[PDB]
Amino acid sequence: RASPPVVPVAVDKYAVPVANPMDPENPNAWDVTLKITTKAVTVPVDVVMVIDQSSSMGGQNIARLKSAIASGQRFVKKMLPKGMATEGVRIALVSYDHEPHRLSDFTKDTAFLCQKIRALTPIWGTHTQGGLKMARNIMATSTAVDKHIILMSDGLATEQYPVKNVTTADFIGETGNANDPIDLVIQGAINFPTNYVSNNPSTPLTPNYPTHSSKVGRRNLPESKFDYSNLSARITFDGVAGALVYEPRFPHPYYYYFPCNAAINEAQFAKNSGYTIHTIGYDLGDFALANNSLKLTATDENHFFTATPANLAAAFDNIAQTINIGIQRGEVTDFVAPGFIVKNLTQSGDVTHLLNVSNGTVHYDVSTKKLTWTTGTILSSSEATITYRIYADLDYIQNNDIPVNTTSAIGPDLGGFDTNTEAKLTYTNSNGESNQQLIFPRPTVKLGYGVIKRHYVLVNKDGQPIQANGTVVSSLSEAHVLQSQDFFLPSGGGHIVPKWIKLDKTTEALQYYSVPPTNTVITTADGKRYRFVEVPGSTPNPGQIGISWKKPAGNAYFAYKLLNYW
C-alpha cells in the first residue's frame, strides 16, 4: 500500500588519459566513462508476534508451549539477524491466556524479546480475540510499508469479548460444509458436550446443550459490535467459558458464543487495515476445528502451517523485502565538446558495438556529436557504464578560441578544455516516477602533444605569394605548394616519432622551436628549380614556431621563387 523508499541513484563521469601504452594513432587520447550507480532499499516492516500461553499449551501438552518458546526465539533471531542494527525490521510481542499481555512494544532488542518469550507460562483461558486485538492496537502506531501479525496457538479459542446489544442475528447455524469451524464445533459439541460447552461441574446450574439446529457466534460481525472497553473482559456462563459459551437469554434451538469465530472476526479487522496474518498451529494431532480456525484467521490457507520441526525451521526466512530495480528506464544524453572527436564514430546510428557498453544501447548523431544511451532497467546495488575514446582535433583547436572550463574540479587537468558540453541522465526511478534528472560531472583536459607542420610554397620575384600561374594571393597559406608538407620534430626526450612534440601543460605560453626547412632548393617534376627566400610573412631559416596545449598545431611557411636559367 504505502510506497517503499526510492532506490538511490548517482552518476559519475571521468576522462582517463590513455597511457602505458599511449594511443599510437594520436597520443592526445582519453577514455571517457559515464557511470550510473544504484544503491539499495530495505522495505520497512513491522511484526507483532502473538503467543498463546493458555493452559491447553501446558500440563500434559507442555511440549506445545515448549515448542512455541523455542520457535518464537528462533523467529526473532531470524528476523533480527543483526540485532539492534537490523535495518528495516521491528518486532513487538504479545502473549495471552484469559487476557492479553503486552510483553514488548516495537523493538530490535533480540535479547529482551527472547527473555520475554522464555518467561511464558501456562494460564487458564484462550482469549485469541484479545491477543489479536492487542496486536491491532500495537500495529496502529506503525508507519511501516509491510505489517505482519504472527499468531502462535494450538487453535482452540475459549474466551472472547462481549457482543454489544446482542441479538439472535449475531449467530449462525451449520453451513453444510462439514469442514467449516461452525459445523465442526457443532458436531464436536454434539459428540463431546462436556468438552465443548461452558459448564462449571461444581455448581448445579447446567447449560442447554447444542444440536444440529443450534446457532453459534458469527465470524463477520462489524467491529462496532464488540465491547473493547476492558481488554480483559470475558463472556461467561455459570462463571466459566469454553469452546462454546451458552447464551441463556436466547431460546431453543440454543445459541452459543464461539470464540474461534470471534478470533477469525478480529483478524478480519486486521486484514481490513492491510495487515498480513500468519498462523502457526501447535496442536500436531490434526484437530480440524483448531487447524481450520487458524487457517481462516490467517491471510489465506497458505499463511497457516502446523508447527512441525520442518515447517518451523523454514519459516520467516526473508521477512524484509529489498527493492530489486533501481532504474526502470534511463536515457543519458552526452554532447561531446568542440575540439574532440570520438574514435571510430563516422556515421549516425547505432554505435553500441563500437563502444564498451555494459547495459542497453547507444545512438550517435554525427552532426550534433550527441551520444544517446538508452540504459534499460538497471537493478539495485549495481553499476552501468559506457566508455568511449576521444581524440583531440589539433587543427580545430588551433583554429578556434575554445573556452576553458574554470569551474569543474574533477580533472584530469584543472582549467582544461571540456570533453563534454553537457551530459545528463533522465530516468524513471524505482517507484515509477519519470523525468528524474541528474547532471554528470564535467571532465577537463589539456593536450599533451602538439605538431609543427612545414609548408613549401611559391612566391614571385617581388616576394608575393602566388598561384602556379602567377596570380597574387593574400597569404602564403594560399600560395602554390611546391613540395609535400612535412612535420618537424625537435631534439630532446619526450617527443614521439614521427610528429608529436611533448607540450608543457603547466603553461599557456607558447613553447618556441627553431624550425628549418628540410631543403633550401626544390626541383619539381617538370625540371623547374626553386630557391629558398625570406619574404614578408614567411618563415626564415630557421624560424621560431610556437605551440601550446591551447594552440597545438604550428605552421611554418617556407617561401621559394623560381630560379631562371634564361
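From 1 onward, residues are counted along the sequence shown.
When the mean C-alpha temperature factors of 460-468 and 334-342 are read from the deposited coordinates, 460-468 comes out higher.
In this crystal structure, the stretch out of 299-307 and 488-496 whose C-alpha atoms carry the higher mean B factor is 488-496. When the C-alpha B-factors of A384, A85, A288, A270 are read from the PDB record, the largest value belongs to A85. Of the candidates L354, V94, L244, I277, the one whose C-alpha carries the top B factor in the deposited record is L354.
Among all modelled residues in this chain, the alpha-carbon of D418 has a temperature factor (C-alpha) in the lowest third.
Sorting the modelled residues of the chain by their CA temperature factor places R90 in the lowest third. The PDB entry assigns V11 a C-alpha temperature factor belonging to the lowest third of its chain's modelled residues. When the modelled residues of the chain are ordered by C-alpha B-factor, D154 sits in the lowest third. Remark: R531 belongs to the lowest third of its chain, ranked by C-alpha B-factor as recorded.
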